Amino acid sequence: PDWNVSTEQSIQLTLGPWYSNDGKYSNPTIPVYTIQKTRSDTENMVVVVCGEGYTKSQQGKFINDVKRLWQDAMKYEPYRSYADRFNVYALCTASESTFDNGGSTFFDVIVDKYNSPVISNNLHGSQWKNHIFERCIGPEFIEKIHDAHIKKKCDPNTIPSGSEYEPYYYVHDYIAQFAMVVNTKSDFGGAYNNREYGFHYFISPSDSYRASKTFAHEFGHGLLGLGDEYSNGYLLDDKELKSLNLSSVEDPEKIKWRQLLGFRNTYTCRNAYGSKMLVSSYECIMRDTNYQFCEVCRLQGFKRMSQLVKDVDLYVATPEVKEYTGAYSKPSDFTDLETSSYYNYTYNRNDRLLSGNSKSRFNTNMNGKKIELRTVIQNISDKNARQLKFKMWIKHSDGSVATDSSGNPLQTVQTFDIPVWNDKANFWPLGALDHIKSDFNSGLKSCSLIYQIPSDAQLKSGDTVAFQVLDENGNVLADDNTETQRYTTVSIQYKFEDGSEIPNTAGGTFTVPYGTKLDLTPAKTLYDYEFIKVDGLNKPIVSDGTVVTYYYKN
């Protein structure tokens, strides 16, 4: 057949018998499409997506499939908070046969007896097939396309058996993640993280009934470093320190995530009846693909991604307001690790919740009652300690601050000190091959502000709890409208100054909070084109389908 995509930007590989023993892909041409390039590759996390089982005439489907899956992944926190700090490239790897036809494919993917997708070295006797990403595709991409333009060092068809891993370690520092999308409807998924031996890729299907959730799940194993919360077993020591989101420590005073206990749906429990593997929440995507990321996974994932960029200095989880009753306020309240205790906890939280979609639960019977504003804040600086001010007040329906019988406003303020992240260098820094141990509480502070509503509070129907989390300059980092905020879709398009579209680009779509002013320094180049101007930055995004246009010369 013929390519149904532009060939103007491409890379060429040389695959000898170790990577293509049958010769079917000895000298393949791989067209390169830019799904998103908001900044220089040196400042963003670079994601490279290749297609398995797409013929030359199916590359239009492959690009659209990558855009769909990537956009749906960017709707999950913590990815969403970094959506504009990814650069995404689609590499149109052509297979002779479609996957469903079962002939020759670019990556020799088979589905084993465990429904796992695996690059099969022994399918055609290509003994280094599953090293293709870090030894062939990666170095060619980093030399020709990546703004760093690192010249290839070692010949991938010549390197002798012995120290064949170290010369390719740099690949996974310039390319944050390799993703392989299989043109199929079968439901499978698998991540392969073993950087000491060069593996950092995952495989997911394009059209399964849960393709988008599977993509976000395997991306969390690969990029975020999260473990499966469905796994059995028993984390002994060393394994306890290694795991970001799993634990086997049963004393709530010693659990790594003690500071998060009682915050939203964080209640330690076993991942199954009679299991010694504990999770911080029974509703997380890393256990069941129908859920969102739990608070620990969001914290850990956010921290991991902060290592790969240089301009993120603080994590502020979405605060919550609850009636303070003393329930679930001390570590002893969390000693029961059964799933019954978790769901009883979530029911207690819902009964006391006064924020988000439960902001309406506030009523005039709240007089003389205590309310608690709570969130979790992670400092990203290993250098600068932070001080954040929490303000909370009772607000009437019309926006006025409620008062007591003396006319004193029902408001309270408390400043919290966020310590530095001293242990930062131990938490998947750029260049690490693995994670061994980290201090979960380094740079971490649970902040709780308890306010006693006076008994003489002049409450009216429709009153609500308002709050603000402010930084040292007074910027609002989160408020009582954050949880239910509307998000608007924004697209980045790439055009020449005359107005035509730049070939081999296909701008994707991500969401930002309504009213967001995008503040990004565009990359100086796009392929060999030089950046001129951008239309759409530094203005409030107030409509779905807003287009920001990057303009390039020639």
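The numbering used is simple: start at 1 and walk along the sequence shown.
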(request) Going by the average Cα B-factor in the PDB entry, point out whether 507-515 or 489-497 comes out higher. (result) 489-497
(request) Read off the CA B-factors in the entry, average them over 517-525 and over 46-54, and name the higher stretch. (result) 517-525
(request) Could you tell me which one of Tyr230, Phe141, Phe107, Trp421 shows the highest CA temperature factor in the PDB record? (result) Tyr230
(request) Go through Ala466, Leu449, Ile159, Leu470 one by one and give the residue whose Cα B-factor in the PDB entry is largest. (result) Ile159
(request) Would you mind ranking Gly536 by its C-alpha B-factor against the rest of the chain and naming the third, lowest, middle or highest? (result) highest
(message) Quick check for you: using the entry's CA B-factors within this chain, is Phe334 in the lowest, middle or highest third?
(response) highest
(request) Quick one: classify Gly198 as lowest, middle or highest third of the chain based on its Cα B-factor. (result) lowest
(request) Please rank the C-alpha B-factors of the chain's modelled residues and tell me whether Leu236 sits in the lowest, middle or highest third. (result) highest
(message) How does the C-alpha B factor of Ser206 compare with the rest of the chain: lowest, middle or highest third?
(response) lowest
